[PDB]
Structures are given as C-alpha cells and as structure tokens.
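Chemist: My structure is below; once you've seen it, I'll send some questions.
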Amino acid sequence: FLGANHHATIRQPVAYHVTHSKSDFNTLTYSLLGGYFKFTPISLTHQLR
Amino acid sequence: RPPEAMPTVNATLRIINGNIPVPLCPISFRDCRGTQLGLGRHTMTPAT
C-alpha cells in the first residue's frame, strides 16, 4: 500500500548507483543530480540545448 | 595412541583457496588480488 518498484518515482537501479558508486563522495551528489532528470519528448528540449 | 597400521594414502578436500601450497600460488598474486579488492573501499587511518 506504499508503492511498487514498477510504479514509483525511483527504481532499484537508481539505488544500486548510490550503494556501489565508490566515488570521491563529493561527486556522487552531482551524479544523483543528473540522475534525477526526466526522460520525455519535452525534457530533451531542455537538456540537449 | 595412533596404532601401527600399514601406510596408505588418503586425500582431503582443500576447503578454501588459501590452502594451495605457496610455491604454486605465490604471495604477490594474493596481495595484488586483495589490492584489486581494495579499490575505493574503506581504509583505516594511519594513526590507528
């Protein structure tokens, strides 16, 4: 009753990144930051520009 | 008291990798293996 992996706003491979990034711990934030950009006929019009 | 049997051969399964005799799996191999494990993981501080 709280959600599902297939209907949520965040999926498991999104956490597999944070759990095994093994980065400098100060770029992981800027990795997630991109990791939260939507993928839509509209969004790319913002990003690729 | 081990009795006086006639000598026979018997074998035991080396249970883990480490038991391999060292002049067949040399030191620096295991050390570089662990180093490959030691990538971006935790390392204690020199003072400790």
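A note on labels: chains of the structure tokens are A, B, ... as shown, every chain counts residues from 1, and ligands are counted from 1 in their shown order.
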Would you give me, as a JSON list (two decimals) with N, CA, C and O atoms, in the first residue's frame, the residues in chain A that DSSP reads as helix (DSSP H, G or I)?

Modeler:
```json
[["chain", "number", "residue", "atom", "x", "y", "z"],
["A", 12, "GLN", "N", 15.02, 0.50, -8.40],
["A", 12, "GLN", "CA", 16.13, -0.11, -7.68],
["A", 12, "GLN", "C", 17.49, 0.21, -8.29],
["A", 12, "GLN", "O", 18.42, 0.55, -7.54],
["A", 13, "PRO", "N", 17.69, 0.11, -9.61],
["A", 13, "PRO", "CA", 18.99, 0.51, -10.17],
["A", 13, "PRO", "C", 19.35, 1.96, -9.90],
["A", 13, "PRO", "O", 20.51, 2.33, -10.11],
["A", 14, "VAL", "N", 18.41, 2.78, -9.45],
["A", 14, "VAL", "CA", 18.76, 4.13, -9.00],
["A", 14, "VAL", "C", 19.47, 4.10, -7.66],
["A", 14, "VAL", "O", 20.35, 4.93, -7.40],
["A", 15, "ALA", "N", 19.12, 3.15, -6.79],
["A", 15, "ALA", "CA", 19.83, 2.98, -5.53],
["A", 15, "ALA", "C", 21.07, 2.12, -5.67],
["A", 15, "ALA", "O", 21.99, 2.25, -4.86],
["A", 16, "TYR", "N", 21.11, 1.24, -6.67],
["A", 16, "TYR", "CA", 22.32, 0.46, -6.90],
["A", 16, "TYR", "C", 23.49, 1.37, -7.23],
["A", 16, "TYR", "O", 24.65, 1.00, -7.00],
["A", 17, "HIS", "N", 23.22, 2.55, -7.77],
["A", 17, "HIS", "CA", 24.29, 3.51, -8.02],
["A", 17, "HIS", "C", 24.84, 4.06, -6.71],
["A", 17, "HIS", "O", 26.06, 4.05, -6.50],
["A", 18, "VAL", "N", 23.97, 4.53, -5.82],
["A", 18, "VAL", "CA", 24.45, 5.13, -4.58],
["A", 18, "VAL", "C", 25.08, 4.09, -3.68],
["A", 18, "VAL", "O", 25.98, 4.39, -2.89],
["A", 19, "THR", "N", 24.63, 2.84, -3.78],
["A", 19, "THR", "CA", 25.14, 1.81, -2.89],
["A", 19, "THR", "C", 26.49, 1.28, -3.35],
["A", 19, "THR", "O", 27.23, 0.70, -2.54],
["A", 28, "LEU", "N", 29.40, 12.17, -6.02],
["A", 28, "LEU", "CA", 28.20, 11.34, -6.00],
["A", 28, "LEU", "C", 26.95, 12.20, -5.96],
["A", 28, "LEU", "O", 25.93, 11.86, -6.58],
["A", 29, "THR", "N", 27.00, 13.30, -5.22],
["A", 29, "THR", "CA", 25.89, 14.24, -5.22],
["A", 29, "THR", "C", 25.62, 14.75, -6.63],
["A", 29, "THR", "O", 24.47, 14.74, -7.08],
["A", 30, "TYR", "N", 26.65, 15.15, -7.35],
["A", 30, "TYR", "CA", 26.48, 15.66, -8.70],
["A", 30, "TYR", "C", 26.22, 14.56, -9.71],
["A", 30, "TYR", "O", 25.94, 14.86, -10.87],
["A", 31, "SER", "N", 26.32, 13.30, -9.30],
["A", 31, "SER", "CA", 25.88, 12.19, -10.13],
["A", 31, "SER", "C", 24.38, 11.97, -9.99],
["A", 31, "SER", "O", 23.65, 11.91, -10.98],
["A", 32, "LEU", "N", 23.92, 11.86, -8.74],
["A", 32, "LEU", "CA", 22.48, 11.79, -8.50],
["A", 32, "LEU", "C", 21.76, 12.98, -9.11],
["A", 32, "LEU", "O", 20.66, 12.83, -9.66],
["A", 33, "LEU", "N", 22.38, 14.16, -9.03],
["A", 33, "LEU", "CA", 21.76, 15.37, -9.54],
["A", 33, "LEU", "C", 21.33, 15.19, -10.99],
["A", 33, "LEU", "O", 20.19, 15.50, -11.36],
["A", 34, "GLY", "N", 22.23, 14.69, -11.83],
["A", 34, "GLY", "CA", 21.84, 14.33, -13.18],
["A", 34, "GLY", "C", 20.88, 13.16, -13.19],
["A", 34, "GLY", "O", 19.94, 13.12, -13.99],
["A", 35, "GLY", "N", 21.08, 12.21, -12.28],
["A", 35, "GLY", "CA", 20.25, 11.03, -12.22],
["A", 35, "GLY", "C", 18.78, 11.33, -11.99],
["A", 35, "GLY", "O", 17.94, 10.45, -12.13],
["A", 43, "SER", "N", 11.63, 17.02, -22.14],
["A", 43, "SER", "CA", 12.82, 17.24, -21.32],
["A", 43, "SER", "C", 14.07, 17.42, -22.18],
["A", 43, "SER", "O", 14.90, 18.30, -21.91],
["A", 44, "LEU", "N", 14.22, 16.59, -23.20],
["A", 44, "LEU", "CA", 15.41, 16.68, -24.03],
["A", 44, "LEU", "C", 15.52, 18.05, -24.67],
["A", 44, "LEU", "O", 16.63, 18.55, -24.87],
["A", 45, "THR", "N", 14.38, 18.68, -24.97],
["A", 45, "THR", "CA", 14.41, 20.04, -25.47],
["A", 45, "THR", "C", 15.05, 21.00, -24.49],
["A", 45, "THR", "O", 15.59, 22.03, -24.90],
["A", 46, "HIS", "N", 14.99, 20.69, -23.20],
["A", 46, "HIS", "CA", 15.74, 21.48, -22.23],
["A", 46, "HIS", "C", 17.20, 21.04, -22.17],
["A", 46, "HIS", "O", 18.10, 21.88, -22.19],
["A", 47, "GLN", "N", 17.44, 19.73, -22.13],
["A", 47, "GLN", "CA", 18.78, 19.25, -21.83],
["A", 47, "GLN", "C", 19.72, 19.45, -23.00],
["A", 47, "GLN", "O", 20.74, 20.15, -22.89]]
```

Chemist: Show me which bits of chain B are within 10 Å of chain A, counting only C-alpha atoms, as a PyMOL selection string.

Modeler: chain B and resi 39-42

Chemist: For those residues, write C-alpha atoms to a file as an mmCIF file, in the first residue's frame.

Modeler:
```cif
data_model
loop_
_atom_site.group_PDB
_atom_site.id
_atom_site.type_symbol
_atom_site.label_atom_id
_atom_site.label_comp_id
_atom_site.auth_asym_id
_atom_site.auth_seq_id
_atom_site.Cartn_x
_atom_site.Cartn_y
_atom_site.Cartn_z
ATOM 1 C CA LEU B 39 39.554 -0.138 -4.561
ATOM 2 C CA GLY B 40 37.703 2.860 -3.148
ATOM 3 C CA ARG B 41 36.586 0.805 -0.146
ATOM 4 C CA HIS B 42 37.316 1.691 3.482
#
```

Chemist: If I take atom CA of residue 21 of chain B and atom CA of residue 38 of chain B, how far is one from the other in Å, to one decimal?

Modeler: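 Pair atom CA of residue 21 of chain B / atom CA of residue 38 of chain B returns 24.2 Å.
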
Chemist: With a distance cut-off of 12 Å and only C-alpha atoms, select the neighbouring residues of residue 18 of chain B, excluding the residue or stretch itself and same-chain residues fewer than 4 positions from it, and output the selection as number ranges by chain.

Modeler: B: 14, 22, 24-27, 29-30

Chemist: Any idea what the distance is between atom CA of residue 38 of chain A and atom CA of residue 10 of chain A?

Modeler: 11.2 Å
